[PDB]
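An overview of the molecular structure
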Amino acid sequence: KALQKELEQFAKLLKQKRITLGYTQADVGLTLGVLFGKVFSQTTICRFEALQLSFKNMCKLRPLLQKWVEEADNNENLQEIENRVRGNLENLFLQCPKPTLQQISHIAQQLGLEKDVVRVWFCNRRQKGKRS
Amino acid sequence: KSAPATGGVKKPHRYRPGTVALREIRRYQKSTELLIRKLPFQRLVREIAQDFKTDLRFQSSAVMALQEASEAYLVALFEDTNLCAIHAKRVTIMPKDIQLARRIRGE
Amino acid sequence: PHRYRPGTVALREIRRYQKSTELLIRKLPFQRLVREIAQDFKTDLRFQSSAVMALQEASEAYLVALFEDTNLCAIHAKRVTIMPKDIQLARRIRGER
Amino acid sequence: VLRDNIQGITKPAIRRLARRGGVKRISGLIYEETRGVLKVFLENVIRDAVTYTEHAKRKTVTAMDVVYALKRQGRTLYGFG
Amino acid sequence: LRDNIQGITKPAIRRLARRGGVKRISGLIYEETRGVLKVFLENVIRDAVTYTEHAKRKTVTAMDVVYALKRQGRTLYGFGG
Amino acid sequence: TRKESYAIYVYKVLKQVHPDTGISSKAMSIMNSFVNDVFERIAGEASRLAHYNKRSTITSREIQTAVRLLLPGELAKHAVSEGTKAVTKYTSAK
Amino acid sequence: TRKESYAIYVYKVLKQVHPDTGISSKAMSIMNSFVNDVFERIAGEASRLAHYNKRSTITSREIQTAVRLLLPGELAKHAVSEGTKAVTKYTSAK
Amino acid sequence: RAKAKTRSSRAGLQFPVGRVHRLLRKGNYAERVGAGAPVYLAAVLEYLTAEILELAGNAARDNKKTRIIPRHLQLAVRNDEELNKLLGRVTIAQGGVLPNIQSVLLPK
Amino acid sequence: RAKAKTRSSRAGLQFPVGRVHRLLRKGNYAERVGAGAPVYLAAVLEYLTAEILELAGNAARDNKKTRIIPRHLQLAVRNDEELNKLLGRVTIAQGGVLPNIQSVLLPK
DNA sequence: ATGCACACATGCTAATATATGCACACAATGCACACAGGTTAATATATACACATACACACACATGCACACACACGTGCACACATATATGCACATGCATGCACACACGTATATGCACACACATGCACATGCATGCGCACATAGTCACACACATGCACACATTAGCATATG
DNA sequence: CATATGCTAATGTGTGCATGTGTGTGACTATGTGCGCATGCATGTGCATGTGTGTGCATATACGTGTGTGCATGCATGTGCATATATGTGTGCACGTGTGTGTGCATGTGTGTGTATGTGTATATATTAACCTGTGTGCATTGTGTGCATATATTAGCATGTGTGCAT
């Protein structure tokens with residue numbers, strides 16, 4: 001309910017503190033990584049300050065940023081111190097929608113991609129083709 | 001909100017549990033005086049005796065002998081109870097320890 | 001082949017030997033033990049048969065009572081098997097030490 | 001004399017008795033149990049002592065009556081005659 | 001007569017434990033039980049032999065054993081005393 | 001020679017309480033042992049009671065006090081009643 | 001009136017074993033209780049020994065056997081030696 | 001003389017008053033024995049014997065036996081709380097024990 | 001007649017032989033008491049008294065005390081194996097207990 | 001390693017509990033004297049021991065395995081420790097009663113001794129109840145087969161968050 | 001260089017099916033029970049007898065009663081202060097769970113040792129009878145032991161120093 005407006009107020013104040021402290025969003029991600037271990041990319045911080053992320057994600061990243069703004073105020077010095085593969089895979093589709101792992105290993109060795117990368121890309125290919 | 005960390009640490013420090021207990025064990029195993037207060041024990045003795053005869057009188061030495069025997073009995077029972085508690089890999093005596101000691105003794 | 005699980009025939013024997021009253025030690029080895037022990041006090045000692053029977057009766061009663069106390073000590077320690085320390089504790093509490 | 005004098009045997013007194021017995025840690029349920037045990041013990045001794053006192057046609061329980069009662073129970077006590 | 005304590009066999013000790021209600025027995029129980037029985041028999045037989053000497057007899061009687069047991073607080077019924 | 005025991009009196013009591021029930025010789029020996037043991041306990045207690053009170057005679061009062069000392073509650077009460085009734089009947093019949 | 005105790009004899013024994021050591025009244029009472037207890041135990045055992053053997057006399061033999069029955073091993077041996085020595089000296093002197 | 005009446009019949013007892021009197025006299029208990037002391041003691045002994053024999057006869061009847069054996073005496077004594085207290089340090093030969101298995105040892 | 005000398009001096013004892021004889025005679029132990037029985041009993045009593053008193057004097061000296069108190073008697077009795085067996089069921093008033101702590105209770 | 005709390009060591013006063021002494025009285029001793037319990041020598045019998053025999057059941061040894069125990073780990077709460085307050089114990093007096101003890105008289109009662117009988121005990125059969133054995137009932141134990149549950153993995157269904165490039 | 005977009009690797013949440021495990025419910029198997037029939041010894045009844053108990057007086061004395069006394073017990077009053085009690089906190093102990101191993105149970109087999117019977121011998125236990133020595137009795141003598149007072153050394157109560165061990 002009002003959690004929406006409370007998040008929005010927190011985000012506006014967060015933008016104000018970030019601009020006042022002279023930290024870029026990539027620097028914010030680096031600080032989050034070096035103070036928690038879960039380094040985040042600057043796109044996530046952008047979508048946060050612009051309030052683009054989903055509600056569950058909104059709540060999930062609220063506490064980390066709360067802690068960072070409540071902690072970093074003390075001292076800053078120490079804290080500071082490809083398309084052809086796509087086309088080939090599309091060619092591999094239209095004939096065998098769900099290949100076996102035996103074929104997956106061959107595909108991975110053929111195009112030089114990691115086995116897990118090819119497996120997840122295959123799953124998401126199926127996913128977006130089953131959207132429609 | 002506000003800020004994490006925060007003190008509150010209960011600075012006051014004290015002796016560890018069981019150190020004062022060991023000191024009292026040494027102190028009371030070194031001494032010989034009666035460990036129960038005399039007047040409450042006398043009142044208990046008279047109250048128990050009133051159930052057998054009415055308007056009984058007691059010599060002071062009779063109550064003293066009763067207290068000596070009672071304290072010796074209780075101390076020996078506590079020694080046996082401690083052995084039973086240690087047998088069960090504990091350091092705390094419990095009512096079942098007393099019950100087992102009294103069962104084995106024949107009480 | 002049929003096999004009873006552990007503790008089943010043990011309970012059967014508990015019931016059987018608590019129903020009966022006969023002596024549980026063989027008579028001749030106990031008599032030999034009694035004479036061997038009495039040798040250390042006298043030589044050329046003779047025994048009435050009733051004397052050896054009285055000794056065996058007292059010995060078995062004493063051992064059975066001790067085993068009851070030992071079982072209580074073992075159960076107190078959350079076990080079902082009696083151990084020498086259980087016997088030692090029972091004798092220490094009894095004052096037989 | 002009074003009533004309910006078993007509470008006069010306080011928790012610190014029971015703790016001291018346990019310390020003399022070499023007990024390091026005492027559960028909270030011990031004290032009540034201890035009281036009951038003590039009562040039984042006293043009830044067994046006093047009853048005998050009064051019996052001796054009743055046989056002598058006396059109204060005063062003497063130290064010798066208590067000593068004889070304790071000896072009768074296998075708990076002979078030295079130092080009172 | 002040498003080494004007659006082993007005549008108190010494992011099955012006999014197990015039967016005695018069964019009469020005592022014991023369900024499970026460790027392997028070290030048997031030697032401890034043999035030692036316990038040996039001590040008990042020493043005490044009783046020593047007292048009974050003392051009674052036999054006082055009577056100037058050379059035969060240990062059932063009454064000697066009964067008196068020896070009674071002296072130790074182990075009164076036995078059924079043997080004349 | 002003659003070895004006195006309590007067997008015939010125990011048998012009379014048994015016939016009083018169980019007219020159709022017999023008793024084995026080992027059980028009779030146990031009963032004789034029990035009677036002798038209780039006799040010895042009561043007589044020793046009565047002797048000590050006479051000594052503590054500087055008396056030289058054991059009377060029925062000493063026996064009564066010894067019975068109360070040696071027997072548990074209900075057993076002591078009933079035994080005291082039986083002893084008192086027997087003494088009363090005896091003195092009534094000389 | 002006069003109350004009899006073993007206090008003076010215990011004191012003489014103490015002065016022999018420990019010439020410069022005193023004793024408190026409570027400890028003397030305990031010693032008196034101990035002497036009376038051991039006397040009663042030995043005399044009761046000797047009386048039972050005489051009764052068992054159909055004898056009417058308590059002799060030094062009954063006392064010696066009672067000592068052997070009641071005292072533990074080395075205490076019994078030394079007590080028997082002391083008693084035998086005392087009886088021998090008493091007979092040799094009277 | 002008149003007809004000799006036993007003191008046991010005078011006191012209404014089955015146990016021997018005269019024998020108890022003689023045993024008290026020769027037992028080295030006191031230098032004198034009162035007239036009523038053996039009567040009281042014989043009555044008490046008879047009462048205790050009757051209690052034990054009644055309980056043992058009931059035990060024998062339970063086991064379909066007509067003859068009391070040591071086992072019945074043991075069951076009678078140990079099942080009666082007061083007799084068990086009185087004979088707590090007494091061994092009865094060939095009496096056995098009371099059937100008793102701790103509940104923890106029973107199968108679940 | 002002759003100058004009367006006690007039987008204690010004849011036996012070379014300090015405990016009263018005549019008093020022990022009188023206590024045996026009036027203690028209701030037997031019809032007759034032999035002459036050597038009180039001497040033997042007095043000697044045994046004196047020996048036991050001497051043993052306990054010498055141990056208690058040693059205990060008092062260990063505590064820099066010149067007077068024996070019940071604590072010293074208790075220490076002497078409980079530290080002596082045979083005397084502890086003899087007085088196993090005896091309570092000495094104001095004697096205390098032996099200092100004894102189970103090693104499991106000691107700090108780790 | 002240093003700080004803190006506690007039990008101990010030397011020393012000084014003070015009192016009370018012990019050691020020693022004197023008077024009396026009671027129990028120990030000395031001296032006959034009688035008597036019975038205990039000793040000792042001989043004897044008759046009970047029974048314990050030593051050997052011998054056959055038999056069969058219990059014991060000893062080895063095997064297979066199931067579950068009890070010893071170890072390890074996590075946790076929460078019960079108990080130890082310290083503290084501040086108030087209760088009632090210990091002490092110390094003082095008084096009045098009441099009861100325990102001493103003492104003495106005098107009788108009811110226990111003992112003692114002799115006799116006479118009848119009660120209890122040893123010995124002797126008689127029989128009947130406990131024991132032994134074969135059959136049959138009868139209770140309980142233990143896979144078995146199945147059924148239900150739960151996992152996991154894994155497939156599949158959503159969200160999520162970082163890359164390349166677009167703004168700017 | 002630092003923000004906003006489009007877009008898609010990557011993870012994450014959920015069914016659920018299928019499989020595996022544990023459980024639960026009722027055939028074999030073994031064992032304890034209950035009659036049914038036949039035997040032996042062991043209990044119970046019936047006699048001699050001799051020993052112990054009952055009877056009857058006569059004597060002594062232990063104890064019960066009555067009086068008087070002094071200790072000593074119970075009660076009330078008053079005191080400071082050491083102890084008990086309630087509270088708050090935190091720690092480490094008890095208890096519960098899970099697990100892996102090896103110890104102990106159940107079982108089968110071969111045997112040798114216990115058991116029951118039978119015998120005979122000698123050893124020892126019990127019994128009887130003469131006697132004699134040691135113990136009880138009684139009484140006079142008196143020396144030892146106890147009670148009541150002194151006099152003091154030992155023990156108890158504080159005050160500062162002294163290690164001494166615990167805990168951070």
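Residues numbered from 1 in each chain as written, not as in the entry; some residues may be left out. Chains lettered and ligands numbered in written order. Heavy atoms only, no water.

- cryo-EM is the method the PDB entry states for this structure, with the resolution given as 4.3 Å.

Here's the deal with the overall build of chain A
- The helix and strand tally for chain A stands at eight helices and zero strands.
- Counting helices and strands in the order they occur from the N terminus, chain A gives α-α-α-α-α-α-α-α.
- Against the globule reference of 14 Å for 132 residues, chain A gives a C-alpha radius of gyration of 21 Å, more extended than a compact globule.
- The principal-axis extent of the C-alpha atoms belonging to chain A is close to 60 × 40 × 20 Å.
- The buried share among the 132 residues of chain A stands at 25%.
- For chain A, the exposed surface amounts to about 9,700 Å²; the carbon and sulfur share of it is 55%.
- Side chains of chain A give 22 positive and 13 negative charges; the mean places of these two sets differ by 13 Å. (Helix = DSSP H or I, 4+ residues; strand = E, 2+ residues; numbered from the N terminus. Rg over C-alpha atoms; globule rule 2.2 N^0.38 Å. Buried < 20%, exposed > 50% of the residue type's maximum accessible area, 1.4 Å probe, protein only. Areas by Shrake-Rupley, 256 points an atom, 1.4 Å probe, with all protein chains shown as cover. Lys, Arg positive; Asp, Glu negative; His and termini not counted. Charge placed at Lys NZ, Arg CZ, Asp CG, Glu CD.)

A few points about the domain arrangement of chain A
- Domain annotation of chain A identifies domain 1 (7-73) and domain 2 (82-130).
- Computed over C-alpha atoms, the centres of domain 1 of chain A and domain 2 of chain A are 36 Å apart. (Domains from an automatic or database assignment.)

As for a positive patch on the surface
- Together, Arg12(C), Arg15(C), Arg16(C) and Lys19(C) give the surface a local cluster of positive charge.
- Secondary-structure assignment places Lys19(C) in helix α1 (residues 8-19). (Patch = residues over 30% accessible without salt bridge, like charges linked within 9 Å, V, L, I, M, F, W, Y side chains within 5 Å. Salt bridge = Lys/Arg side-chain N within 4 Å of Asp/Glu carboxyl O.)

Overview of the interface of chain F and chain H
- Taken residue by residue, the interface counts 57 residues in chain F and 54 residues in chain H.
- Roughly 5,000 Å² is buried in total at the junction of chain F and chain H, and carbon and sulfur atoms are behind 73% of that figure.
- Applying the counting criterion to the chain F and chain H interface returns two salt bridges.
- With a closest N to O distance of 2.6 Å, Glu4(F) and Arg22(H) form a salt bridge.
- The interface formed by chain F and chain H holds 18 residue pairs in polar contact in total. (Contact = heavy atoms within 4.5 Å. Buried area = accessible area lost by both parts, 1.4 Å probe. Polar contact = N/O pair within 3.5 Å; in protein donor to acceptor, adjacent residues only side chain to side chain.)

Observations regarding the UniProt feature "binding site: DNA" in chain A
Residues and elements named next belong to chain A.
- The UniProt feature table records "binding site: DNA" at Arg 18 and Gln 25.
- Looking at the secondary structure, you find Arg 18 in helix α1 (residues 3-21).
- Setting aside residues up to four positions removed in sequence, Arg 18 forms contacts with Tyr 23, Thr 24, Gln 25, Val 28, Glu 49 and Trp 68.
- Looking at the secondary structure, you find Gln 25 in helix α2 (residues 25-36).
- Aside from chain neighbours lying at most four places away, what touches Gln 25 is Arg 18, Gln 42, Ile 45, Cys 46 and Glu 49. (UniProt positions renumbered as here; feature names shortened; annotations may be inferred.)

Details of the layout of surface pockets
- The computed volume of the second largest pocket comes to approximately 250 Å³.
- Lining of the second largest pocket is provided by 17 residues; of these, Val9(C), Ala10(C), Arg14(E), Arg18(E) and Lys23(E) occupy positions nearest its centre.
- Secondary-structure elements contributing two or more residues to the lining of the second largest pocket are α1 of chain C together with α1 (10-19) and β1 (24-25) of chain E.
- Top element by residues in the lining of the second largest pocket is α1(C). It accounts for five residues.
- In the lining of the second largest pocket, the residues fall into eight nonpolar, two polar and seven charged. (1 Å grid on protein atoms, 1.4 Å probe; cavity = no way out; pocket = protein on both sides within 12 Å on 5 of 7 lines; lining within 4 Å. Points joined across faces, edges and corners; volume = space filled by probe spheres on them. Nonpolar A, V, L, I, M, F, W, Y, C, P; charged D, E, K, R; others polar.)

Things to note about helix α4 (residues 73-92) of chain F
- The end-to-end C-alpha distance of α4(F), which contains 20 residues, comes to 28 Å, matching closely the 28 Å that a straight helix rising 1.5 Å per residue would cover.
- Within the sequence span of α4(F), burial applies to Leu75(F), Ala76(F), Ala79(F), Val80(F), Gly83(F), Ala86(F), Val87(F) and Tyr90(F). Along the axis of α4(F), the buried positions cluster into a sector of 135°, meaning they face one direction only.
- Against the buried residues of α4(F) lie α3 (60-70) of chain F together with α1 (7-10), α3 (36-62) and α5 (81-86) of chain H. (Expected span 1.5 Å × (residues − 1). Arc of directions from axis to C-beta.)

Notes on the interface of chain D and chain I
- Each partner contributes to the interface: chain D provides ten residues, whereas chain I provides eight residues.
- There are five residue pairs in polar contact connecting chain D and chain I.
- Class assignment for the residues of the side of chain D that touches chain I results in three nonpolar, four polar and three charged.
- In the sheet, strand β3 (residues 77-78) of chain D pairs with strand β3 (residues 91-92) of chain I via two bridges, with the strands oriented parallel. Note on β3(I): the bridge partner recorded for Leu77(D) is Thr91(I). (Pairing = 2+ DSSP bridges.)

Some points on α1(C)
- Relative to the 16 Å expected for twelve residues at 1.5 Å per residue, α1(C) spans 17 Å between its end C-alpha atoms, a close match to the ideal helical length.
- Buried residues of α1(C): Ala10(C), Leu11(C), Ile14(C), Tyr17(C) and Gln18(C), and no others. The buried side chains of α1(C) occupy one side of the element, clustering within an arc of 135° when seen end-on.
- Tucked into the core, α1(C) has its buried residues touching α1 of chain E together with α4 (70-79) of chain H.

What to know about the pattern of salt bridges
All names here are of chain D.
- Applying the stated criterion to the full structure yields 46 salt bridges over all chains.
- Among the ionic pairs, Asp 48 bridges to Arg 72, the shortest N-O distance being 3.3 Å. Taken together, the residues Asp 48 in helix α2 (residues 30-55) and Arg 72 in helix α3 (residues 63-72) connect sequence positions 24 residues apart.
- We classify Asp 48 as buried; its relative accessible area is 6%.

Quick word on unusual backbone geometry
- You will see that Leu51(A), though not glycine, has its phi angle at about 60°, which is positive.
- With a phi close to 60°, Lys89(B) is a non-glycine residue in the positive phi region.
- By the secondary structure assignment, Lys89(B) is in the loop between α3 (60-87) and β2 (92-93).
- Exposure remark for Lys89(B): the relative accessible area of 75% places this residue in the exposed category.

Points about the protein's contact with DNA strand J
- Not every one of the 92 residues close to DNA strand J is listed here, only the nearest: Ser41(A), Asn57(A), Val80(C), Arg1(H) and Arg10(I).
- Take the atoms of DNA strand J that sit within 4 Å of the protein: sugar and phosphate atoms are 92% of them.
- Backbone polar atom of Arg5(C) to a phosphate oxygen of DNA strand J: 2.8 Å apart, as the coordinates give it.
- At 3.2 Å, a side-chain N or O of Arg32(H) approaches a sugar or linking oxygen of DNA strand J. (Near = heavy atom within 4 Å.)

A few points about the protein's contact with DNA strand K
- By nearness alone, 98 residues border DNA strand K, and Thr19(B), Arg46(B), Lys58(E), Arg55(F) and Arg10(H) come closest of all.
- A share of 89% of the atoms of DNA strand K within 4 Å of the protein falls on sugar and phosphate groups.
- At 3.3 Å from a phosphate oxygen of DNA strand K is found a main-chain nitrogen or oxygen belonging to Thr1(F).
- Within the contact set of DNA strand K, a sugar or linking oxygen lies 3.1 Å away from a side-chain nitrogen or oxygen of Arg2(G).
- Here the element with the most residues in the surface near DNA strand K is α1(C); it accounts for six residues.
- Across the surface near DNA strand K, the residue classes break down as 24 nonpolar, 29 polar and 45 charged.

Observations regarding the packing of α1(C) against α1(E)
- Two elements in contact, α1(C) and α1(E), have axes separated by 7 Å at closest approach and are oriented at 75°. Considering the angle they form, α1(C) stands roughly perpendicular to α1(E). Only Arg15(E), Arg18(E) and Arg19(E) of α1(E) make contact with α1(C), whose side of the interface consists of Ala10(C), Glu13(C), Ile14(C), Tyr17(C) and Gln18(C). (Axes fitted to C-alpha atoms, helices over the stretch in contact; angles between N-to-C directions. Parallel < 35°, antiparallel > 145°, perpendicular 65-115°, else oblique.)

Quick notes on the packing of aromatic side chains
- Applying the stated rule across the entire model yields 20 aromatic pairs over all chains.
- Geometrically, the ring pair formed by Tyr77(E) and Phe34(F) is edge-to-face, given 6.4 Å between the ring centres and 70° between the ring planes. Taken together, the residues span two chains, with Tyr77(E) in strand β3 (residues 75-77) and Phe34(F) in helix α2 (residues 25-52). You'll find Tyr77(E) and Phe34(F) in the same group, each marked buried.
- One residue, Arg62(A), lies across the ring of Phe10(A), its end atom 5.7 Å from the ring centre.
- In this structure, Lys15(F) packs its charged tip against the face of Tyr11(F), placed 5.2 Å from the ring centre. (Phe/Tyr/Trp six-rings, centres within 6.5 Å; stacked < 30°, edge-to-face > 60°. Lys NZ or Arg CZ within 6 Å of the ring centre and 35° of its normal.)

Things to note about the packing of helix α1 (residues 19-30) of chain B against helix α1 (residues 11-20) of chain D
- For the pair α1(B) and α1(D), the least separation of the axes is 7 Å and the interaxial angle reads 75°. With respect to α1(D), the axis of α1(B) lies roughly perpendicular. Here α1(B) contributes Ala21(B), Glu24(B), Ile25(B), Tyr28(B) and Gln29(B) to the contact with α1(D), which in turn contributes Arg16(D), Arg19(D) and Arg20(D).
- Looking at the contact of α1(B) with α1(D) residue by residue, the classes come out as three nonpolar, one polar and four charged.

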